[PDB]
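Participant: Take this structure first; my questions come after.
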Protein chains: 2
Amino acid sequence: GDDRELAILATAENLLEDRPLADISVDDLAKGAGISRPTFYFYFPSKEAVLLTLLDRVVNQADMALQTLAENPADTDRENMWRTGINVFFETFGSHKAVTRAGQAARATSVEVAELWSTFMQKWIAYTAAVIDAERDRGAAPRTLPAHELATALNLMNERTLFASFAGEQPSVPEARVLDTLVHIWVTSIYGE
Amino acid sequence: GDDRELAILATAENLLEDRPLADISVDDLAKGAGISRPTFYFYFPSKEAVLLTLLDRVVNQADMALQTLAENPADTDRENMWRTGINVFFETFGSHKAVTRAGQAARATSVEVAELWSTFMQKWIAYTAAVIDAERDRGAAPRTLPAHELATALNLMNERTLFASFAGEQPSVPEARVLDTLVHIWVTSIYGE
Ligand SMILES: Fc1ccc2nc(Nc3nc(-c4ccccn4)cs3)sc2c1
Ligand SMILES: Fc1ccc2nc(Nc3nc(-c4ccccn4)cs3)sc2c1
């Protein structure tokens, strides 16, 4: 039952490490999962639904890790606070580079993927803005830009920059440098002027 | 001759304001340009080549405007310097929102579009880094991050944020706010700490 579903998911994530979703057949996923093609369709309506599920698991993994941090403030300076949070996305998505790259591509063709990404980005931006607001209330950050607009640009920067690094795009920040790069821009723009 | 080509280009840009390239036929472009379908193929091998040409014109328009600024330093403070430069992209791409949105989508399917965008992004990042380097040399900016890595993240932020605003994505910064938002992040991250 659920074993077969997890096997389909594992096959898909493994095959996506070597070629795009368009070059992966339903027969490919069935074979790698040890089932027939009609048995596959019992668990998933299409290979695109498999990717949707894989991406849903990754985004919820990142969201739950961020929720854990928010309930467990690490005892450090403000710079380290932001780094620990950005690192949740660096580590979670960087551990699922194939699903991440495939999910970004599917945003152009799948309404559910686009809506899934949009829902979680709105959640993460709202949390970023709430923390900026708290920092302003306690006197640690200046009241410069509207906090939600700042949070939006910083989160969109992280999306584009992290995914360019993971995919090895040209241009991109080297993966070994991208965390320091983003943290610097977040901290100077949140606390500067 | 060139009149027919410009007519095809104008028809394509007009039709892209209402539906994606996948929903525009070669017959659509021929009809709107007042020519036959075989005559169309004399000027362009495909509708994708039409988009490639449209995007090439827009990116070169932005590049030439930025080159004009670089040769004509406006007499203002450092903040205004950066704003005037970011504004080149805000105005150029914001005046061609349909071609911009279609070109971004084609990056996933067209090697020439992806290489075109990558070439000009590398050029614009190198220029950004050169200006940051000049500001550090004259003593106006601190030596914090590697300038080219900072420039990469700031330019990728601008790409993602401007295009989200133009497309009305959720989430996005309102178009009337995106210039102030980006300028703040550039100036604080280039001159801060
Ligand atoms: F402490 C905090 C509180 C909020 C907070 N928000 C963050 N930014 C985000 N990055 C992404 C993202 C997107 C695509 C790929 C990788 N990452 C989505 S939202 S980092 C952080 C740290
Ligand atoms: F003075 C200067 C010197 C360099 C400089 N570079 C800039 N950034 C760029 N933005 C984009 C972009 C991409 C996609 C959509 C819109 N814009 C490409 S490169 S703004 C600026 C101002």
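Read-outs throughout are calculated quantities, based only on the coordinates presented, and are distinct from any laboratory measurement. Here the Cβ is made from the backbone with ideal geometry for all residues, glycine too, and neighbour counts use every protein chain on show.
Participant: Just need a number here: residues in segment A:74-110 that are more than 10 Å from ligand 1 (Cβ to nearest atom), among the hydrophobic types (A, V, I, L, M, F, W, C) and within 13 Å of chain B (Cβ to nearest Cβ).
Facilitator: 4
Participant: Is there a residue being within 7 Å of chain B (Cβ to nearest Cβ) and either over 18 Å from B:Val187 (Cα atoms) or assigned to a helix (DSSP H, G or I) (or both) anywhere in segment A:138-147?
Facilitator: Residues of segment A:138-147 that are within 7 Å of chain B (Cβ to nearest Cβ), as a first pass: A:144-145.
Still in the running and either over 18 Å from B:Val187 (Cα atoms) or assigned to a helix (DSSP H, G or I) (or both): none.
Looking through segment A:138-147, none of the residues is within 7 Å of chain B (Cβ to nearest Cβ) and either over 18 Å from B:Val187 (Cα atoms) or assigned to a helix (DSSP H, G or I) (or both).
Participant: If you don't mind, there's one more thing I want to ask. Filter segment B:30-77 down to the residues that are more than 22 Å from B:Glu17 (Cα to Cα) and among the small types (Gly, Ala, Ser) and list them by number.
Facilitator: B:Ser36, B:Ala65, B:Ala70, B:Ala74
Participant: Let me ask something else. In segment B:158-193, what residues are assigned to a helix (DSSP H, G or I), among the hydrophobic types (A, V, I, L, M, F, W, C), at the interface with chain A (Cβ under 7 Å from one of its Cβ atoms) and within 16 Å of ligand 1 (Cβ to nearest atom)? If you could, list the steps in order and put the result at the bottom.
Facilitator: Let us first name the residues in segment B:158-193 that are assigned to a helix (DSSP H, G or I), namely B:158-167, B:175-191.
Add one more test, that the residue is among the hydrophobic types (A, V, I, L, M, F, W, C), and what stays is B:162-164, B:166-167, B:176, B:178-179, B:182-183, B:185-187, B:190.
Then keep just the ones that are at the interface with chain A (Cβ under 7 Å from one of its Cβ atoms); that gives B:164, B:182, B:185.
Passing the criteria: B:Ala164, B:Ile185.
Participant: OK, next. Can you tell me which residue is nearest to ligand 2 (Cβ to nearest atom) among those in segment B:70-83 that are surrounded by fewer than 16 Cβ atoms within 10 Å (Cβ to Cβ) and under 19 Å from B:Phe120 (Cα atoms)?
Facilitator: Filtering segment B:70-83 for residues that are surrounded by fewer than 16 Cβ atoms within 10 Å (Cβ to Cβ) and under 19 Å from B:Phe120 (Cα atoms), the one nearest to ligand 2 (Cβ to nearest atom) comes out as B:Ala70.
Participant: So, in segment A:93-126, exactly how many residues are more than 15 Å from A:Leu21 (Cβ to Cβ) and either within 16 Å of ligand 2 (Cβ to nearest atom) or touching a residue at least 12 places away in the same chain (Cβ under 8 Å) (or both)?
Facilitator: Looking only at that region, the number is 10.
Participant: Which condition does B:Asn155 not pass, out of (1) surrounded by fewer than 21 Cβ atoms within 10 Å (Cβ to Cβ); (2) closer than 25 Å to A:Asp180 by Cα; (3) within 13 Å of chain A (Cβ to nearest Cβ), if it passes all the others?
Facilitator: The failed condition is (1).
Participant: Within segment A:126-137, work out how many residues are under 15 Å from A:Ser189 (Cα atoms) and more than 6 Å from ligand 1 (Cβ to nearest atom).
Facilitator: First pass over segment A:126-137, keeping only residues under 15 Å from A:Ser189 (Cα atoms): A:128-129, A:131-133, A:135-136.
Cutting the leftovers down to more than 6 Å from ligand 1 (Cβ to nearest atom) gives us A:129, A:132-133, A:135-136.
Residues in segment A:126-137 being under 15 Å from A:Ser189 (Cα atoms) and more than 6 Å from ligand 1 (Cβ to nearest atom): 5 in total.
Participant: Let me ask another. What residue, among those in segment B:164-180 that are touching an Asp or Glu at 6+ places or on another chain (Cβ under 8 Å) and surrounded by fewer than 23 Cβ atoms within 10 Å (Cβ to Cβ), is farthest from B:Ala129 (Cα to Cα)? Give the derivation first.
Facilitator: If we filter segment B:164-180 for residues that are touching an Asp or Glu at 6+ places or on another chain (Cβ under 8 Å), which is where we start, we get B:165-166, B:173-174, B:177.
With surrounded by fewer than 23 Cβ atoms within 10 Å (Cβ to Cβ) added as a condition, the list becomes B:166, B:174, B:177.
Details: B:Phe166: 26, B:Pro174: 28, B:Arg177: 25 Å.
Selected residue: B:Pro174.
Participant: If you don't mind, there's one more thing I want to ask. Check every one of the helices (runs of 4 or more DSSP H) wholly within segment B:1-96 and list those with 3 or more residues that are aromatic (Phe, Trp, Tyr).
Facilitator: Values: elements: B:2-16, B:26-33, B:37-43, B:47-71, B:78-94.
In segment B:1-96, the matching helices (runs of 4 or more DSSP H) lie at B:37-43, B:78-94.
Participant: Among (1) within 12 Å of chain B (Cβ to nearest Cβ); (2) more than 13 Å from the chain's Cα centre (by Cα); (3) part of a helix (DSSP H, G or I); (4) not polar (S, T, N, Q), which single condition is A:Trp124 missing?
Facilitator: (2)
Participant: Let me ask another. Have a look at A:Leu116, A:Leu66 and point out the one that is within 16 Å of ligand 1 (Cβ to nearest atom) and away from chain B (no Cβ under 14 Å).
Facilitator: Details: A:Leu116 fails: away from chain B (no Cβ under 14 Å).
Answer to the check: A:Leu66.
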